[PDB]
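Both counts, for ligands and for their atoms, begin at 1 and track the order of listing. Protein chains get the first letters and strands the later ones, always in sequence-line order, with residue 1 at the start of each. All heavy atoms count here, side chains included; hydrogens, waters and symmetry mates do not.
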Amino acid sequence: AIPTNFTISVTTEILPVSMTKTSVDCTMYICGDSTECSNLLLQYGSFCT
Amino acid sequence: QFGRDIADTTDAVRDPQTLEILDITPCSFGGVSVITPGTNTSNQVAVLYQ
Amino acid sequence: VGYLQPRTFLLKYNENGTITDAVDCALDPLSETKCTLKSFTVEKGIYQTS
Ligand SMILES: *[C@@H]1O[C@H](CO)[C@@H](O[C@@H]2O[C@H](CO)[C@@H](O)[C@H](O)[C@H]2NC(C)=O)[C@H](O)[C@H]1NC(C)=O
Ligand SMILES: *[C@@H]1O[C@H](CO)[C@@H](O)[C@H](O)[C@H]1NC(C)=O
Ligand SMILES: *[C@@H]1O[C@H](CO)[C@@H](O)[C@H](O)[C@H]1NC(C)=O
């Protein structure tokens, strides 16, 4: 079976390339503006880094 | 007497004297970055307030 | 005469046990990146501080 005519077809392909970049202030999230909580949290600084 | 948001923290309060409702807002906000050419080269820096 | 305040300092001990240098972690954003990297030397770039 041999084709006798042709078709020219245009199709689309979608790809994700990047995502949102985020940063966290660890003390702002955990303690807010409480000085005592920050003095207590000074024992866990390695984990936030 | 008190109003609370989704995170359960108190964000509104009735004044016990004048009986008026007041909103409470944190005063720490906004991101900061520092640009350095290397401490070996210089101590001059630039600061970006986002 | 000077007056003391509560601060966080990064102190340096040499191999004999004497304090030879220090960083005041709340003076500057540069000092804050020094304090976070836990080093006295910063390479070229952009750093988030606080
Ligand atoms: C090959 O295919 C094309 C269409 O894909 C044919 O062209 C059509 O021909 C009909 C009538 O023959 C017209 O009504 C259409 O308007 C034409 N389309 C276009 C885009 O021109 C063509 O005739 C075919 N050829 C053969 C030999 O079969
Ligand atoms: C309380 O004192 C304030 C100011 O002195 C006054 O405006 C108010 O009417 C007093 N009484 C009550 C119930 O708030
Ligand atoms: C440390 O101690 C040694 C031995 O006393 C001494 O030679 C040296 O100068 C001291 N200081 C440093 C920075 O090594």
Notebook entry, point to check: At what distance, to the nearest 0.5 angstrom, does SG of A:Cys37 lie from CG of A:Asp33?
Noted result: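 Nearest 0.5 Å value for the SG-CG distance: 10.5 Å.
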
Check: Distance from A:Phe47 atom CZ to A:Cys26 atom SG, nearest 0.5 Å?
Finding: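 It is 10.5 Å, given to the nearest 0.5 Å.
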
What protein heavy atom lies closest to [atom]? Include the residue and the distance to one decimal.
atom: atom 4 (C) of ligand 3; value: C:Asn16 ND2, 4.7 Å
atom: atom 1 (C) of ligand 2; value: B:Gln17 NE2, 3.5 Å
atom: atom 24 (C) of ligand 1; value: A:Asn5 ND2, 2.5 Å
atom: atom 5 (O) of ligand 1; value: A:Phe6 O, 4.4 Å

Heavy-atom protein contact below 4.0 Å for [atom]:
atom: atom 21 (O) of ligand 1; answer: no
atom: atom 11 (N) of ligand 2; answer: no
atom: atom 28 (O) of ligand 1; answer: yes
atom: atom 14 (O) of ligand 2; answer: yes
atom: atom 3 (C) of ligand 1; answer: yes
atom: atom 17 (C) of ligand 1; answer: no
atom: atom 6 (C) of ligand 2; answer: no

Between the side chain of [X] and the main-chain N/O of [Y], is any donor-acceptor distance below 3.5 Å?
X: A:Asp25; Y: A:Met28; answer: yes
X: C:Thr33; Y: C:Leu30; answer: yes
X: C:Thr36; Y: C:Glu32; answer: yes
X: C:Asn14; Y: C:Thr18; answer: yes

Next item on the list: Please identify which atoms of ligand 3 are closer than 4.0 Å to at least one heavy atom of C:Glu15.
Entry: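 Atoms satisfying the 4.0 Å criterion: 12 (C), 13 (C), 14 (O).
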
Notebook entry, point to check: Is the number of heavy atoms from other residues, nucleotides or ligands under 6.0 Å of B:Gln1 CD greater than 12?
Noted result: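 Counting neighbours around CD of B:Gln1, more than 12 heavy atoms of other residues, nucleotides or ligands fall under 6.0 Å, so yes.
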
Next item on the list: Answer yes or no: is there an ion pair linking B:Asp11 with B:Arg4, defined by an N-O contact shorter than 4.0 Å?
Entry: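 Not counted as a salt bridge, because no side-chain N and carboxylate O are separated by less than 4.0 Å.
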
